[PDB]
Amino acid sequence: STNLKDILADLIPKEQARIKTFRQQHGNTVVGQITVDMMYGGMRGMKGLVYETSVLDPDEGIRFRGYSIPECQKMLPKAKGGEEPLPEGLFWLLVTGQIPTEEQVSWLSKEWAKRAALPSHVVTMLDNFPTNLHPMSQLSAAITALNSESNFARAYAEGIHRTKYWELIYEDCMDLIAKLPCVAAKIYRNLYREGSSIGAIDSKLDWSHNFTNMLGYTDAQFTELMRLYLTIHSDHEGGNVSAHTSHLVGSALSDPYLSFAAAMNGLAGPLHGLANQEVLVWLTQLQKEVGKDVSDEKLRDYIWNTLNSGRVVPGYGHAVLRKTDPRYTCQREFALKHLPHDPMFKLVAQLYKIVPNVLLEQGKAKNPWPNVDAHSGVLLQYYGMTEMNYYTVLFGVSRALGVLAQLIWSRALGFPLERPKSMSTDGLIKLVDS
């Protein structure tokens, strides 16, 4: 009823059966071809894995177990007196496929507060990291070191039946999610608040609120932003590097700590984790050059000048998505309610009406609408969260929810070791000649 684990125990056999039926019906049905270009090109366009928690609708944007972002905003439980969806309820939805009740979210908030403690060796290690060690490296190293606490690792080594793997994977995922804001807040305070204490967990608060308390923030509106931010960055299919790395490493039966830490090393890559920062840097330099209320007319000229000089507008454009990312829209709606006077947000809003038509006229970008990363930095900055290097850590804390929800299911459903076949160029030349 409220124990997520019991709810999961009931859902798993039904899903195992549904999948077994589909595979017995269509296991050898062809769904795609592999080309030489896909092998050289990073598996671009190759259907390669089953990932249940989220799917991109090319007309509507990312869906979380079939629900759109606006649906999740309406349906997922809120904090008392709040309006933004709690990430606990997003996790419940990703794990169960079901919209949680108020009572189920409250249960989950309590679980995550109970589980949050860090072992002293990890606290020591965090405190000892130097300030030139990137926050993402601190994050990954600390999570790897937390595998000392893995009950899956311990139990597997002792011997456990394959039908029970998901049970201990679930426990370790719940524990890791619980601990993440403590780890992330320690990194933040050690780097940017002179090593001050993160303070204590409050058993009566939701996850995002314990997090903002530990970061040293007190603004109710920042906690609301954080609830929205952590919900909306939570998952985006399995093919992105962080999701896929967690999946791949997980498929070797590495525990959730090892799997998530590997994923963070992928998220740290400049081609995956830096879009928010790139946008904010660009907005900041623009606003310093043209000032805080440039006309629509003049801003368009600035954009053409940017593009005519060979540069791109950060945060705009998508290969597949045919409208504005719904994750951009929800951030826009938040800003219109809560910070409509802010000069940097007003620039972001002006760009939304100007940039898409310029990109369409230019004729290079496909689908020139903005994405989530076009809007996040200005909101963080408004609330005082200005340390851009740290922004990927926030993304990582969010993305734990999606990738660990799927990891539970990968183990419940018995997905095997991920093992594509590699070939050399010599080998491919031989193959295609045969």
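Heads up: residue numbers just count along the shown sequence, starting at 1.
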property	result
Given 247-255 and 269-277, the range whose Cα B-factors average higher in the PDB entry	269-277
Higher-scoring stretch by recorded Cα B factor average, 279-287 or 310-318	310-318
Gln138, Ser208, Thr163, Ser150, ranked by C-alpha B-factor: the highest one	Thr163
Out of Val183, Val294, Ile177, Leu168, highest CA B-factor residue	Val294
CA B-factor placement of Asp342, once the chain's modelled residues are sorted into thirds	middle
Among modelled residues of the same chain, the CA temperature factor third for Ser398	lowest
Record-listed C-alpha B factor of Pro58: chain third	highest
CA B-factor placement of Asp426, once the chain's modelled residues are sorted into thirds	middle
B-factor third for the C-alpha atom of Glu88 within its chain	middle
